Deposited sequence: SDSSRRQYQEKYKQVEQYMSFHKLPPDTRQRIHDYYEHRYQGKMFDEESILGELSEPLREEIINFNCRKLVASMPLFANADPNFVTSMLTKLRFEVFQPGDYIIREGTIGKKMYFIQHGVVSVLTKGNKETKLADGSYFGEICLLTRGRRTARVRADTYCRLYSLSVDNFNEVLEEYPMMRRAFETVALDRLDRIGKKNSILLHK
């Protein structure tokens, strides 16, 4: 049924006047148009408000239902205690990225990581371009090491991701330490496909 469509139309209308007030380039206006399309597919809800009204058991049932493909396609999540998984899902924040974008720049102090729900990113360490898709993640190396982004990451398609901050990362992993090593293992393989490591 249509009604949260109008808040979208109503909001995006506001965006349109915002763009026009700032006399933005056309490529920008287009890009902004298409992003909204991809991020909201036409409706808009107070998801934050809706969620807040609910209880934890429900919110978890929702995020869990919504990330069934995320969870099944990702070994680290799929072969994990669904309680650790839940607690991690519950902290991801959804984000959309368009082709060309820079999700992560090299040299930058990294304070978050990403779970590719859907799309293809390009990783360029520079050495060779390694590629990652649905069921993968990246940017965990700054969360472990608290240093600089050991490469660049660039979206090739309309990515749909989930972000996790170092805060939440370290929280979930203090509660479920066994799982720190999973992320550790992966990070090393990658540091050794570069030529580095931490201590």
In sequence order, what intervals of the deposited sequence carry no C-alpha positions?
126, 201-205
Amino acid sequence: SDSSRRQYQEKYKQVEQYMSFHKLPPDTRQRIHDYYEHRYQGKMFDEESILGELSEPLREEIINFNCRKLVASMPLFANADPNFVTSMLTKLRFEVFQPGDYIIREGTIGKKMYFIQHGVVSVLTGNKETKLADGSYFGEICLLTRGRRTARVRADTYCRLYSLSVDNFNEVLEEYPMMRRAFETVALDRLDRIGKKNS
From here on, numbers count along this sequence of modelled residues.
Tell me which stretch has the larger mean Cα B-factor in this entry, 127-135 or 23-31.
127-135
Mean CA B-factor: is it higher for 64-72 or for 143-151?
143-151
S122, C-alpha B-factor rank within chain (lowest, middle or highest third)
middle
Just say lowest, middle or highest third for the CA B-factor of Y158 relative to the other modelled residues in its chain.
middle
Split the chain's modelled residues into thirds by Cα B-factor; is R59 in the lowest, middle or highest one?
lowest
Would you mind ranking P82 by its C-alpha B-factor against the rest of the chain and naming the third, lowest, middle or highest?
lowest
Please say which third, lowest, middle or highest, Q41 falls into when its CA temperature factor is compared across its chain.
highest
